Ligand SMILES: Nc1ncnc2c1ncn2[C@@H]1O[C@H](COP(=O)(O)OP(=O)(O)OP(=O)(O)O)[C@@H](O)[C@H]1O
Ligand SMILES: Nc1ncnc2c1ncn2[C@@H]1O[C@H](COP(=O)(O)OP(=O)(O)OP(=O)(O)O)[C@@H](O)[C@H]1O
Ligand SMILES: C/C1=C/C(=O)O[C@@H]2C[C@@H](CC[C@H](C)/C=C\C=C\CC1)O[C@@](O)([C@@H]1CSC(=O)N1)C2
Ligand SMILES: C/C1=C/C(=O)O[C@@H]2C[C@@H](CC[C@H](C)/C=C\C=C\CC1)O[C@@](O)([C@@H]1CSC(=O)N1)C2
Ligand SMILES: [Ca+2]
Ligand SMILES: [Ca+2]
Ligand SMILES: [Ca+2]
Ligand SMILES: [Ca+2]
Ligand SMILES: [Cl-]
Ligand SMILES: [Cl-]
Ligand SMILES: [Cl-]
C-alpha cells in the first residue's frame with residue numbers, strides 16, 4: 001500500500017517511502033570489491049584500503065548493470081528494510097536516458113526484484129513539480145552531470161535539453177589542483193573526500209568575478225580557516241569562488257562548452273518563441289551543486305544580460321533543492337490519479353519492457 | 001501526413017480530416033445482406049452493401065447495425081464499414097494517415113484492443129489513438145472539467161470529467177436514445193389511428209421526430225393546452241403526398257428522456273441520472289460540475305430540452321449554487337469536432353500510438369493514454 005521513491009544519482013542514492021517530507025536513507029552510489037564477495041554504500045567506504053570503488057551510475061546514466069542490481073538490492077533490503085515484491089517503486093532517470101537503458105531498468109525491477117508495479121520519471125521534471133510548476137526551465141547540477149531541462153505543461157522538450165558534462169565532482173578535482181599550487185598536499189581518493197567538504201562549506205559564487213578577485217590582495221576578511229581531521233589548519237584565498245566560478249567559465253578546467261548561464265539560454269532559445277516568456281519567468285535551481293551561495297543572484301544577473309531588456313526574469317532556488325528531485329518523486333507517487341499511471345507487473349508480463357515508455361506523468 | 005478522425009456511433013459514422021469544422025463524411029452505420037440466403041447454390045455469396053449504398057435498395061436486403069448501444073458487437077461487418085469509410089467515403093489510403101477513433105465511456109478493454117489490433121493489422125495505419133466520446137464533446141465545448149450528456153441513437157451516457165479525465169465509478173449509462181424515441185413516436189401514432197412499422201417507415205417517423213417534436217418545460221401545463229387550444233403543431237407532407245397532424249405527440253415523445261415510464265424502462269430520467277452522477281462524485285468538486293453541464297448528441301437537439309434541464313435540476317440541487325447549461329449548436333457533431341481539434345495539435349504528436357510501438361507491444365499498449 002506504500003510506494004517507494006528511489007532517486008539514484010551518479011553520486012548519491014536517495015531512497016525513501018512516498019509521502020515523506022524527505023529521503024530517509026542517503027548513501028553513496030559506490031560499489032567495492034576485493035582488490036584481487038562485494039561491499040556497498042557507507043560500509044564499502046570503511047574498507048577502501050582493500051577495495052576498488054566503482055560508481056555504477058556514470059553521468060546520470062547507468063553503465064554497470066551488475067553493480068546497480070547490488071545497489072538496489074542493498075537499497076531495499078539493507079537501507080530500507082522492506083519487501084520489494086510488496087511495494088510499488090518509482091525510479092528516477094536522467095534526461096534522455098537511452099530507450100534501451102530504461103527498458104533494462106524496468107526488466108530488472110520485475111524479473112529480478114518482483115516489484116508489484118513501477119514507474120520511471122525524469123529527475124528534472126520532478127524537481128519542477130516540487131517547486132510547484134508544470135511549465136519552466138530546470139537546472140540540475142549534481143555530482144555527475146548538469147542538465148537544463150525546459151518543460152512545457154509537464155512535457156520536457158527533448159529537442160532543447162542541454163547536457164553539460166561538468167559538475168559537483170569535477171568542481172572538487174579543480175578545488176584540489178588549485179590547492180597544490182598554493183602549496184598543500186591532497187591527491188588521493190581518500191583525500192579527495194575532504195576537498196569535497198571544504199568545497200561544500202566555504203566556496204561560493206560571486207557577482208563580479210573581478211571586483212572580487214581584486215579584493216583578494218586588498219582586504220582578507222573574505223576568507224576563513226578549516227580544521228582538517230589531521231588537526232592541521234588551512235587558510236583559503238580566492239579559491240573560495242575561483243572554484244564554483246568554473247560552472248560559468250568552463251575554461252579553468254579546460255572543458256570547452258559555455259557556462260551554465262549561457263546554456264540555460266542556448267536552450268531557452270532552442271524553444272518556440274511562444275513559451276519563452278514563461279521559461280525565463282520560471283528558472284528552477286535543482287541539485288546539490290546549485291547550493292553555493294550567490295549562485296542564485298549570480299545567475300540572475302549573468303543571464304538578464306542575454307535576455308531582452310523587456311522581460312521579467314525569475315530564478316527559483318528552493319532551500320531543499322538538494323533533495324528536490326526526491327521530494328517530487330514522493331509527492332507525485334502519493335497523488336491519487338498517479339495510481340493509474342503505475343505500470344503493473346501484469347501489464348509487464350503481457351506487453352514487456354517497451355510499455356514502460358509512454359507515460360505522461 | 002494528415003490525421004483521420006472517425007467517430008463511430010450506434011446510428012451514424014462521422015469520418016473526416018483533422019482541422020475541419022465539420023466531418024466531411026456522415027453515413028449510416030449499417031450493412032445490407034440480401035434476405036435469408038443461408039444455403040448452398042445461388043452461389044457468389046451475393047456480397048454486401050454498406051452505407052447510403054445500402055438503403056437505396058433496402059427492399060430486398062436485411063439491415064444490421066454493427067455498433068449496439070455504442071459498443072461493437074460484430075467485428076466482421078464493422079471492418080467492412082471502416083474499409084468503406086477509408087476507400088469509398090473519405091477516398092484515401094489507410095496506410096498513409098493516422099486515425100483517431102472514438103469509443104463509448106467504459107468501452108470494454110477487450111474491444112479497444114481488438115479495435116487497435118484491426119487498425120494496425122488489416123489496415124496498416126501509421127499510428128492511431130482512441131478517445132472517449134464525451135471527453136471530446138467537452139474539449140470541443142472549450143473546457144477540461146464538467147459533466148457531459150451524450151444522448152445519441154443507441155445510448156445516453158452521462159460522463160463527469162475533471163481536468164481532462166473521466167471519472168469511471170461516477171458514470172451513468174442509460175440504454176435509451178434516439179432510435180428508442182423513434183420507435184415510441186411510432187407507437188403513439190397508431191394510437192391516434194395510423195400505420196408505420198416497416199423498417200422503411202421507421203426512417204420517416206425519425207424524420208417526423210427531428211422535424212416537429214420538442215421538449216416543453218412543464219409537462220402538464222402544455223398537455224392541458226393540448227385539450228384546450230390547438231396551436232401546438234403543424235402537418236407534414238410525406239412521399240405518399242397525403243398529410244398528417246400530431247398534437248400532444250410532438251412533446252409526449254421526448255418527454256421519455258425524463259419520464260422513461262412512458263415506454264416502461266423504469267430508469268430515473270436524464271435530469272435525474274445527471275444528478276446521481278454529480279452526487280457520486282467528490283463533494284469538493286460538485287460545484288464546478290453543475291456550472292459545466294454539456295449537451296452532446298443528436299438527441300440533445302430538441303428545442304426547449306435545454307431549459308427543461310435548467311429547470312429540472314435546479315429543483316433537485318442545493319439552492320445555494322449557480323447552475324449552467326451549455327448546449328452548443330453543433331452538439332450534433334461535437335464529438336467529432338473535439339477529436340478534430342485534438343488530432344490537429346502539436347502537443348498531441350506524442351499521444352499517437354505509432355505502429356512501431358504496436359509492433360513490439362501489441363494491443364495492450366492502447367491503454368496508456370491520459371489524453
Ligand atoms: N551544500 C552544498 N554546496 C555545494 N555543493 C554541494 C552541497 N551539497 C552537495 N553538494 C554537491 O552537489 C553534488 C551532488 O548532488 P546530487 O546529490 O545533486 O547528485 P546525484 O543526484 O547524486 O548525481 P547526479 O546529479 O549526477 O545525478 C555532490 O557531488 C556535492 O559535491
Ligand atoms: N435535430 C434533431 N432532433 C432530434 N433528434 C435528432 C436530431 N438529429 C439527430 N437526432 C437523433 O439523434 C440520433 C443521433 O445521434 P448521434 O449522431 O448522436 O448518434 P451516434 O453517435 O450515431 O449514436 P450513439 O451516440 O447512440 O452511439 C439520431 O439517430 C436521431 O435519432
Ligand atoms: C557526505 C558525502 C556526500 C557525497 O555527495 O558523496 C558522493 C559519493 C562519494 C563516493 C566515494 C567516497 C570515497 C565514499 C563515500 C562517501 C561518503 C559520503 C560523502 O563520491 C563523492 O564524494 C565524489 C568524490 S569528490 C565529489 O565532489 N564527489 C560524492
Ligand atoms: C437522416 C438519417 C439519420 C440517422 O441518424 O440515421 C441513423 C442510421 C439509419 C440507418 C437505417 C436506414 C433504413 C438507412 C439509411 C438512413 C439514412 C439517413 C438517416 O437508422 C436510423 O435512422 C435509425 C432508425 S430511427 C432512429 O432513431 N435511428 C439512425
Ligand atoms: Ca541527481
Ligand atoms: Ca542515511
Ligand atoms: Ca514533450
Ligand atoms: Ca455518439
Ligand atoms: Cl572518477
Ligand atoms: Cl512563486
Ligand atoms: Cl433495431
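What number, in percent, do you get for the relative contact order of the stretch B:101-193 if the mean sequence gap of Cα pairs under 8 Å and at least 6 apart is divided by its residue count?
So the answer I get is 21 percent.
Would you mind getting me the FRET efficiency between residue B:369 and residue A:214? Use the beta-carbon distance for r and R0 = 56 Å, nearest 0.05.
About 0.40, to the nearest 0.05.
Simple spin-label model, 7 Å along Cα-to-Cβ: residue B:225 to residue B:74 in nm?
So the label points at residue B:225 and residue B:74 sit 4.4 nm apart.
When the helices in chain B are scored as -39500 (n - 2.57) per DSSP H run of 4 or longer and the sum is shared across all residues, what 222 nm value do you end up with, to the nearest 500 deg cm²/dmol?
Mean residue ellipticity, 222 nm, calculated: -8000 deg cm²/dmol.
Using a Gaussian network model of chain B whose springs link C-alpha atoms within less than 10 Å, name the residue from B:91, B:206, B:33 with the highest mean-square fluctuation.
Of B:91, B:206, B:33, the most mobile in the Gaussian network model is B:91.
Once Rh is set to the Kirkwood radius over Cα pairs, what Stokes-Einstein translational diffusion coefficient, in µm²/s, holds for the stretch B:28-68 at a temperature of 25 °C and a viscosity of 0.890 mPa s?
Value of D from the Cα-based Kirkwood radius: 228 µm²/s.
So if the hydrodynamic radius of the stretch B:59-130 is defined as the Kirkwood radius over C-alpha pairs, what does Stokes-Einstein give as its diffusion coefficient at 4 °C and 1.567 mPa s, in µm² per second?
Approximately 99 µm²/s, per Stokes-Einstein.
On average, how much area does the Cα convex hull of the stretch B:265-319 cover when viewed from any direction, in nm²?
Mean shadow area of the hull around the Cα atoms is 4.4 nm².
How are the alpha carbon pair distances in the stretch B:182-270 distributed across 10 Å bins from zero to the largest one, expressed in percent?
Pair shares across the bins are 16, 49, 30, 5, 0.
Taking the Cα centre of each part, how many Å lie between the stretch B:89-113 and the stretch A:287-361?
Using only Cα atoms to place each centre, the spacing works out to 35 Å.
Stretch residue A:103-residue A:253 to full length: gain in nm at 0.36 nm per residue minus the Cα-Cα span?
Net length gain for the segment: 50.5 nm.
If only Cα atoms are counted, what is the Rg of the stretch B:1-108, and what is its Dmax, in Å?
Using the Cα atoms of the stretch B:1-108, the pair Rg, Dmax is 15.0, 50 Å.
Going by C-beta contacts inside 10 Å, put A:326, B:82, B:352 in order with the fewest on the left.
Result, fewest neighbours first: B:352, B:82, A:326.
The stretch B:227-371: Rg/Rh from Cα coordinates, Kirkwood Rh?
For the stretch B:227-371, the value is 1.11.
Taking just the alpha carbons, could you work out the radius of gyration and Dmax for the stretch A:98-220, both in angstroms?
20.3, 64
Given chain A, what percent of its DSSP beta bridges are antiparallel, to the nearest 5?
Of those bridges, close to 65 percent are antiparallel.
Based on the alpha carbon coordinates of the protein assembly as shown, what radius of gyration and maximum Cα-Cα distance (Dmax) apply, in Å?
Every Cα atom of the protein assembly as shown included, Rg and Dmax give 33.4, 114 Å.
Rounded to the nearest 5, what % of DSSP beta bridges with both residues in the protein assembly as shown are antiparallel?
Beta bridges within the protein assembly as shown, antiparallel portion: roughly 70 percent.
Per residue, how much space in cubic angstrom lies within the convex hull of the C-alpha atoms of chain B?
Once divided by residue count, the hull of chain B is 159 Å³.
Efficiency by 1/(1 + (r/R0)^6): what FRET value for residue B:2 and residue A:305, r their Cβ-Cβ distance, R0 = 56 Å, to the nearest 0.05?
0.80
We did not get these values from a lab; they are worked out from the coordinates using the rules stated. All Cβ positions, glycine included, derive from the backbone under ideal geometry; neighbour counts span all protein chains shown.
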